[PDB]
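**Q** Dropping a structure here in structure tokens format, bear with me for questions.
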Amino acid sequence: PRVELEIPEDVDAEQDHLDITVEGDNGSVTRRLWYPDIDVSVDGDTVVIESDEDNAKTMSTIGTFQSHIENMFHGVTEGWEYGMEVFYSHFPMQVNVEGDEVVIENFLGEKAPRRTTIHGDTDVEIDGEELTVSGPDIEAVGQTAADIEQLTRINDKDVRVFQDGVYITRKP
Amino acid sequence: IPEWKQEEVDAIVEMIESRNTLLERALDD
Amino acid sequence: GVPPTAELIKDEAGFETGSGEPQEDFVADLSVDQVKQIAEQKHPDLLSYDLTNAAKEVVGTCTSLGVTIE
RNA sequence: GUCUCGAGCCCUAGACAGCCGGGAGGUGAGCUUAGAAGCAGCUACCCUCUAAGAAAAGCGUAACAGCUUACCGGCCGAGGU
Ligand SMILES: [Mg+2]
């Protein structure tokens with residue numbers, strides 16, 4: 001099969017072997033797209049994903065490559081934004097961005113700060129009780145957002161009573 | 001060609017003398 | 001403004017309570033001219049254009065109560 | 001998991017899925033009941049407006065409300081089941 005993806009005017013994309021770099025006004029994203037007998041190339045103004053094989057496994061990845069490239073197109077133009085809200089019951093939770101990592105202090109009354117590192121060119125902006133995770137790479141942004149929610153994971157006690165934590169409010 | 005679609009085209013042709021695809025089918029008539 | 005259908009039937013019938021099983025147990029009775037009086041009153045309540053179809057909506061409560069038409 | 005073969009049905013008069021929009025009135029059916037208004041129970045399950053819309057399929061409420069299912073319309077476009 002062969003699927004042709006038309007590149008937007010804001011965007012310009014180059015290809016080096018199996019790696020595809022996608023540049024735009026919001027940034028640049030380089031992804032490696034490697035799978036048996038699937039050739040991904042740039043035909044001037046279109047990105048072509050093709051294969052001689054049409055089996056269920058090849059078709060699975062052609063559709064995955066399509067969505068990855070379309071996502072990179074959206075990332076370098078409009079960007080990717082995940083909105084998060086910080087909820088606390090008894091203990092005042094201090095969420096702050098210290099360097100290239102987001103630190104959470106005094107969670108459930110803990111003396112020790114919980115922290116996670118931000119993935120790549122992702123920017124995390126805090127406005128009091130609201131947090132917005134943004135960037136061009138959906139892989140990096142989606143993870144950094146997830147990492148913040150996963151950072152307040154509680155396995156020891158009941159999650160229904162101890163609901164403190166930063167949760168994903170908006171998904172793009 | 002379902003029988004309800006044929007009877008619906010005949011109902012729309014009746015109200016032109018006196019789905020968007022069924023209106024277009026009736027307009028061509 | 002105008003009172004419900006269930007109440008307007010009980011005024012020109014003489015009976016208050018309905019039945020446990022409708023059509024199988026006949027309670028009240030209405031005539032042809034008695035349904036034409038209830039059709040005149042409900043104009044903003046009903047969505048019908050003609051006076052003929054306005055009567056059919058009142059009958060849609062009658063036979064499902066125990067009211068026979070003669 | 002994947003490959004191959006057969007059968008039935010649906011489909012450019014636009015299928016399958018998704019998303020948007022509509023999901024209206026008589027009337028909150030009646031009985032039961034302090035109340036019960038799709039949705040405790042019993043019985044019935046009728047007709048208007050219309051392109052659809054149950055006397056309501058599933059949650060939800062003390063009862064309402066609120067959320068959607070059926071059903072109809074739009075966007076989309078090729079196979080789908
Ligand atoms: Mg324990």
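The way I read the labels, and the way they are meant: chains A, B, ... in the order of the structure tokens, residue 1 as the first residue of every chain, and ligand 1 as the first ligand shown, with later ones counted on from there.
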Write out as a VMD selection string the residues lying within 10 Å of range 53-68 of chain C, counting only C-alpha atoms (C1' of nucleotides) and excluding same-chain residues fewer than 5 positions away.

**A** (chain C and resid 5 to 6 8 to 9 13 17 to 32 35 to 40 42 to 43 46 to 48) or (chain D and resid 26 to 27 29 to 31 43 to 48 55)

**Q** Tell me which protein, DNA and RNA residues are within 9 Å of residue 21 in chain A, counting only C-alpha atoms (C1' of nucleotides), leaving out same-chain ones fewer than 4 positions away, and put them as number ranges by chain.

**A** A: 12-16, 28-32

**Q** Just write the chosen residues, N, CA, C and O atoms, as an mmCIF file, in the first residue's frame.

**A**
```
data_model
loop_
_atom_site.group_PDB
_atom_site.id
_atom_site.type_symbol
_atom_site.label_atom_id
_atom_site.label_comp_id
_atom_site.auth_asym_id
_atom_site.auth_seq_id
_atom_site.Cartn_x
_atom_site.Cartn_y
_atom_site.Cartn_z
ATOM 1 N N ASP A 12 7.792 22.403 7.085
ATOM 2 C CA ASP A 12 8.791 21.938 6.122
ATOM 3 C C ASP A 12 9.518 20.767 6.794
ATOM 4 O O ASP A 12 10.000 20.895 7.924
ATOM 5 N N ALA A 13 9.536 19.613 6.120
ATOM 6 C CA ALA A 13 10.158 18.400 6.657
ATOM 7 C C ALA A 13 11.199 17.703 5.788
ATOM 8 O O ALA A 13 10.961 17.412 4.614
ATOM 9 N N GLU A 14 12.320 17.369 6.421
ATOM 10 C CA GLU A 14 13.444 16.686 5.783
ATOM 11 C C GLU A 14 13.560 15.259 6.356
ATOM 12 O O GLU A 14 13.031 14.973 7.436
ATOM 13 N N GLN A 15 14.252 14.377 5.631
ATOM 14 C CA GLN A 15 14.433 12.979 6.039
ATOM 15 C C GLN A 15 15.874 12.485 5.884
ATOM 16 O O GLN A 15 16.495 12.653 4.826
ATOM 17 N N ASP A 16 16.370 11.835 6.937
ATOM 18 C CA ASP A 16 17.723 11.275 6.987
ATOM 19 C C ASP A 16 17.617 9.805 7.415
ATOM 20 O O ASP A 16 17.454 9.505 8.604
ATOM 21 N N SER A 28 10.746 22.024 16.494
ATOM 22 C CA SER A 28 11.202 20.913 15.653
ATOM 23 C C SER A 28 11.125 19.565 16.368
ATOM 24 O O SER A 28 11.437 19.463 17.558
ATOM 25 N N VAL A 29 10.651 18.545 15.646
ATOM 26 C CA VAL A 29 10.519 17.184 16.185
ATOM 27 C C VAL A 29 11.164 16.169 15.240
ATOM 28 O O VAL A 29 10.806 16.090 14.060
ATOM 29 N N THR A 30 12.079 15.371 15.786
ATOM 30 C CA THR A 30 12.764 14.327 15.031
ATOM 31 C C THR A 30 12.372 12.967 15.609
ATOM 32 O O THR A 30 12.548 12.719 16.802
ATOM 33 N N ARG A 31 11.787 12.121 14.762
ATOM 34 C CA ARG A 31 11.360 10.775 15.148
ATOM 35 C C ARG A 31 11.970 9.722 14.237
ATOM 36 O O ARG A 31 12.208 9.979 13.061
ATOM 37 N N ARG A 32 12.212 8.536 14.793
ATOM 38 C CA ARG A 32 12.759 7.409 14.043
ATOM 39 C C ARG A 32 11.583 6.495 13.713
ATOM 40 O O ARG A 32 10.831 6.101 14.611
#
```

**Q** Tell me which protein, DNA and RNA residues are within 9 Å of residue 82 in chain A, counting only C-alpha atoms (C1' of nucleotides), leaving out same-chain ones fewer than 5 positions away, and put them as a list in words.

**A**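 Neighbouring residues, sequence-local ones excluded: residues 131, 132, 133, 134, 141, 142, 145, 168, 169, 170, 171 and 172 of chain A.
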
**Q** Applying 12 Å and only C-alpha atoms (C1' of nucleotides), which residues near residue 10 in chain B remain after dropping the ones on its own chain fewer than 4 positions away? List them as a list in words.

**A**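 Skipping anything fewer than 4 positions along the chain leaves residues 3, 4, 5, 6, 14, 15, 16, 17, 22, 23, 25, 26, 27 and 29 of chain B.
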
**Q** Output N, CA and C atoms for every residue in that selection, as a PDB file, in the first residue's frame.

**A**
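Okay, this is what ended up in again-v1.pdb:
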```pdb
ATOM      1  N   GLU B   3     -37.513  -0.258  -0.415  1.00  0.00           N
ATOM      2  CA  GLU B   3     -38.868   0.224  -0.714  1.00  0.00           C
ATOM      3  C   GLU B   3     -39.309   1.512  -0.016  1.00  0.00           C
ATOM      4  N   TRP B   4     -38.720   1.809   1.146  1.00  0.00           N
ATOM      5  CA  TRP B   4     -39.067   3.021   1.893  1.00  0.00           C
ATOM      6  C   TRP B   4     -38.454   4.271   1.265  1.00  0.00           C
ATOM      7  N   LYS B   5     -37.302   4.090   0.616  1.00  0.00           N
ATOM      8  CA  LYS B   5     -36.594   5.176  -0.060  1.00  0.00           C
ATOM      9  C   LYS B   5     -37.318   5.560  -1.344  1.00  0.00           C
ATOM     10  N   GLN B   6     -37.906   4.560  -2.010  1.00  0.00           N
ATOM     11  CA  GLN B   6     -38.663   4.756  -3.251  1.00  0.00           C
ATOM     12  C   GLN B   6     -39.977   5.477  -2.958  1.00  0.00           C
ATOM     13  N   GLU B  14     -44.136  14.878  -4.718  1.00  0.00           N
ATOM     14  CA  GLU B  14     -45.522  15.307  -4.531  1.00  0.00           C
ATOM     15  C   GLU B  14     -45.598  16.711  -3.903  1.00  0.00           C
ATOM     16  N   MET B  15     -44.683  16.999  -2.971  1.00  0.00           N
ATOM     17  CA  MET B  15     -44.619  18.298  -2.293  1.00  0.00           C
ATOM     18  C   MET B  15     -43.787  19.365  -3.015  1.00  0.00           C
ATOM     19  N   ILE B  16     -43.214  19.001  -4.166  1.00  0.00           N
ATOM     20  CA  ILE B  16     -42.431  19.922  -5.001  1.00  0.00           C
ATOM     21  C   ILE B  16     -43.372  20.423  -6.109  1.00  0.00           C
ATOM     22  N   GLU B  17     -44.295  19.553  -6.527  1.00  0.00           N
ATOM     23  CA  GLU B  17     -45.286  19.867  -7.560  1.00  0.00           C
ATOM     24  C   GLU B  17     -46.375  20.794  -7.006  1.00  0.00           C
ATOM     25  N   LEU B  22     -32.091  12.312  -0.865  1.00  0.00           N
ATOM     26  CA  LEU B  22     -33.461  12.008  -1.279  1.00  0.00           C
ATOM     27  C   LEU B  22     -34.188  13.261  -1.780  1.00  0.00           C
ATOM     28  N   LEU B  23     -33.660  14.432  -1.421  1.00  0.00           N
ATOM     29  CA  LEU B  23     -34.210  15.709  -1.868  1.00  0.00           C
ATOM     30  C   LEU B  23     -33.629  15.970  -3.257  1.00  0.00           C
ATOM     31  N   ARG B  25     -32.522  13.743  -5.362  1.00  0.00           N
ATOM     32  CA  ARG B  25     -33.066  12.709  -6.249  1.00  0.00           C
ATOM     33  C   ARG B  25     -34.415  13.189  -6.792  1.00  0.00           C
ATOM     34  N   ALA B  26     -35.167  13.868  -5.921  1.00  0.00           N
ATOM     35  CA  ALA B  26     -36.486  14.418  -6.230  1.00  0.00           C
ATOM     36  C   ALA B  26     -36.423  15.701  -7.053  1.00  0.00           C
ATOM     37  N   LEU B  27     -35.331  16.452  -6.895  1.00  0.00           N
ATOM     38  CA  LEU B  27     -35.118  17.696  -7.633  1.00  0.00           C
ATOM     39  C   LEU B  27     -34.767  17.396  -9.086  1.00  0.00           C
ATOM     40  N   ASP B  29     -35.965  15.079 -10.700  1.00  0.00           N
ATOM     41  CA  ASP B  29     -37.229  14.610 -11.268  1.00  0.00           C
ATOM     42  C   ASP B  29     -38.157  15.818 -11.467  1.00  0.00           C
TER      43      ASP B  29
END
```

**Q** What does the structure give for the distance between CA of residue 143 in chain A and CA of residue 25 in chain A, in Å to one decimal?

**A**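 So the answer is 22.3 Å.
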
**Q** Based on the backbone DSSP call, show me all residues of chain B assigned alpha helix (DSSP H), as a list in words.

**A**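 Taking chain B and keeping alpha helix (DSSP H) only, one gets residues 3, 4, 5, 6, 7, 8, 9, 10, 11, 12, 13, 14, 15, 16, 17, 20, 21, 22, 23, 24, 25, 26 and 27 of chain B.
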
**Q** Let me see the file: selected residues, N, CA, C and O atoms, as a PDB file, in the first residue's frame.

**A**
```pdb
ATOM      1  N   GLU B   3     -37.513  -0.258  -0.415  1.00  0.00           N
ATOM      2  CA  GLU B   3     -38.868   0.224  -0.714  1.00  0.00           C
ATOM      3  C   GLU B   3     -39.309   1.512  -0.016  1.00  0.00           C
ATOM      4  O   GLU B   3     -40.148   2.239  -0.554  1.00  0.00           O
ATOM      5  N   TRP B   4     -38.720   1.809   1.146  1.00  0.00           N
ATOM      6  CA  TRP B   4     -39.067   3.021   1.893  1.00  0.00           C
ATOM      7  C   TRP B   4     -38.454   4.271   1.265  1.00  0.00           C
ATOM      8  O   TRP B   4     -38.999   5.366   1.397  1.00  0.00           O
ATOM      9  N   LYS B   5     -37.302   4.090   0.616  1.00  0.00           N
ATOM     10  CA  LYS B   5     -36.594   5.176  -0.060  1.00  0.00           C
ATOM     11  C   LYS B   5     -37.318   5.560  -1.344  1.00  0.00           C
ATOM     12  O   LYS B   5     -37.359   6.735  -1.704  1.00  0.00           O
ATOM     13  N   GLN B   6     -37.906   4.560  -2.010  1.00  0.00           N
ATOM     14  CA  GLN B   6     -38.663   4.756  -3.251  1.00  0.00           C
ATOM     15  C   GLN B   6     -39.977   5.477  -2.958  1.00  0.00           C
ATOM     16  O   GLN B   6     -40.387   6.354  -3.718  1.00  0.00           O
ATOM     17  N   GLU B   7     -40.592   5.127  -1.824  1.00  0.00           N
ATOM     18  CA  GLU B   7     -41.851   5.725  -1.368  1.00  0.00           C
ATOM     19  C   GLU B   7     -41.646   7.129  -0.793  1.00  0.00           C
ATOM     20  O   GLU B   7     -42.585   7.933  -0.757  1.00  0.00           O
ATOM     21  N   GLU B   8     -40.417   7.412  -0.355  1.00  0.00           N
ATOM     22  CA  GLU B   8     -40.063   8.717   0.197  1.00  0.00           C
ATOM     23  C   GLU B   8     -39.768   9.693  -0.934  1.00  0.00           C
ATOM     24  O   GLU B   8     -40.113  10.868  -0.828  1.00  0.00           O
ATOM     25  N   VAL B   9     -39.171   9.201  -2.025  1.00  0.00           N
ATOM     26  CA  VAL B   9     -38.866  10.038  -3.195  1.00  0.00           C
ATOM     27  C   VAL B   9     -40.195  10.477  -3.822  1.00  0.00           C
ATOM     28  O   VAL B   9     -40.340  11.637  -4.207  1.00  0.00           O
ATOM     29  N   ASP B  10     -41.182   9.578  -3.784  1.00  0.00           N
ATOM     30  CA  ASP B  10     -42.526   9.829  -4.317  1.00  0.00           C
ATOM     31  C   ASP B  10     -43.339  10.794  -3.448  1.00  0.00           C
ATOM     32  O   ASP B  10     -44.300  11.405  -3.923  1.00  0.00           O
ATOM     33  N   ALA B  11     -42.941  10.926  -2.183  1.00  0.00           N
ATOM     34  CA  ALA B  11     -43.603  11.825  -1.244  1.00  0.00           C
ATOM     35  C   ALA B  11     -43.026  13.237  -1.363  1.00  0.00           C
ATOM     36  O   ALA B  11     -43.743  14.221  -1.163  1.00  0.00           O
ATOM     37  N   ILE B  12     -41.740  13.322  -1.722  1.00  0.00           N
ATOM     38  CA  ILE B  12     -41.042  14.601  -1.889  1.00  0.00           C
ATOM     39  C   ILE B  12     -41.355  15.211  -3.260  1.00  0.00           C
ATOM     40  O   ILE B  12     -41.465  16.430  -3.369  1.00  0.00           O
ATOM     41  N   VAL B  13     -41.538  14.363  -4.282  1.00  0.00           N
ATOM     42  CA  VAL B  13     -41.883  14.813  -5.646  1.00  0.00           C
ATOM     43  C   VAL B  13     -43.311  15.397  -5.630  1.00  0.00           C
ATOM     44  O   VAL B  13     -43.610  16.347  -6.358  1.00  0.00           O
ATOM     45  N   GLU B  14     -44.136  14.878  -4.718  1.00  0.00           N
ATOM     46  CA  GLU B  14     -45.522  15.307  -4.531  1.00  0.00           C
ATOM     47  C   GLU B  14     -45.598  16.711  -3.903  1.00  0.00           C
ATOM     48  O   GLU B  14     -46.445  17.521  -4.291  1.00  0.00           O
ATOM     49  N   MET B  15     -44.683  16.999  -2.971  1.00  0.00           N
ATOM     50  CA  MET B  15     -44.619  18.298  -2.293  1.00  0.00           C
ATOM     51  C   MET B  15     -43.787  19.365  -3.015  1.00  0.00           C
ATOM     52  O   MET B  15     -43.656  20.487  -2.525  1.00  0.00           O
ATOM     53  N   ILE B  16     -43.214  19.001  -4.166  1.00  0.00           N
ATOM     54  CA  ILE B  16     -42.431  19.922  -5.001  1.00  0.00           C
ATOM     55  C   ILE B  16     -43.372  20.423  -6.109  1.00  0.00           C
ATOM     56  O   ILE B  16     -43.277  21.577  -6.542  1.00  0.00           O
ATOM     57  N   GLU B  17     -44.295  19.553  -6.527  1.00  0.00           N
ATOM     58  CA  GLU B  17     -45.286  19.867  -7.560  1.00  0.00           C
ATOM     59  C   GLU B  17     -46.375  20.794  -7.006  1.00  0.00           C
ATOM     60  O   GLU B  17     -46.762  21.764  -7.664  1.00  0.00           O
ATOM     61  N   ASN B  20     -30.661  14.588   2.534  1.00  0.00           N
ATOM     62  CA  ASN B  20     -30.322  15.552   1.484  1.00  0.00           C
ATOM     63  C   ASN B  20     -30.191  14.903   0.107  1.00  0.00           C
ATOM     64  O   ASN B  20     -30.383  15.562  -0.913  1.00  0.00           O
ATOM     65  N   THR B  21     -29.881  13.605   0.102  1.00  0.00           N
ATOM     66  CA  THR B  21     -29.729  12.812  -1.122  1.00  0.00           C
ATOM     67  C   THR B  21     -31.089  12.474  -1.733  1.00  0.00           C
ATOM     68  O   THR B  21     -31.217  12.371  -2.958  1.00  0.00           O
ATOM     69  N   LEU B  22     -32.091  12.312  -0.865  1.00  0.00           N
ATOM     70  CA  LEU B  22     -33.461  12.008  -1.279  1.00  0.00           C
ATOM     71  C   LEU B  22     -34.188  13.261  -1.780  1.00  0.00           C
ATOM     72  O   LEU B  22     -35.205  13.162  -2.471  1.00  0.00           O
ATOM     73  N   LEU B  23     -33.660  14.432  -1.421  1.00  0.00           N
ATOM     74  CA  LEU B  23     -34.210  15.709  -1.868  1.00  0.00           C
ATOM     75  C   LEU B  23     -33.629  15.970  -3.257  1.00  0.00           C
ATOM     76  O   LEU B  23     -34.360  16.344  -4.167  1.00  0.00           O
ATOM     77  N   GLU B  24     -32.327  15.694  -3.414  1.00  0.00           N
ATOM     78  CA  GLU B  24     -31.584  15.866  -4.673  1.00  0.00           C
ATOM     79  C   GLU B  24     -32.094  14.940  -5.771  1.00  0.00           C
ATOM     80  O   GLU B  24     -32.087  15.305  -6.950  1.00  0.00           O
ATOM     81  N   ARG B  25     -32.522  13.743  -5.362  1.00  0.00           N
ATOM     82  CA  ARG B  25     -33.066  12.709  -6.249  1.00  0.00           C
ATOM     83  C   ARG B  25     -34.415  13.189  -6.792  1.00  0.00           C
ATOM     84  O   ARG B  25     -34.725  12.991  -7.970  1.00  0.00           O
ATOM     85  N   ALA B  26     -35.167  13.868  -5.921  1.00  0.00           N
ATOM     86  CA  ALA B  26     -36.486  14.418  -6.230  1.00  0.00           C
ATOM     87  C   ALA B  26     -36.423  15.701  -7.053  1.00  0.00           C
ATOM     88  O   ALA B  26     -37.351  16.003  -7.811  1.00  0.00           O
ATOM     89  N   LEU B  27     -35.331  16.452  -6.895  1.00  0.00           N
ATOM     90  CA  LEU B  27     -35.118  17.696  -7.633  1.00  0.00           C
ATOM     91  C   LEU B  27     -34.767  17.396  -9.086  1.00  0.00           C
ATOM     92  O   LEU B  27     -35.173  18.127  -9.986  1.00  0.00           O
TER      93      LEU B  27
END
```

**Q** Quick one: which residues from chain A are at most 9 Å off chain D, using only C-alpha atoms (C1' of nucleotides), as a ChimeraX atom specification?

**A** /A:55-57
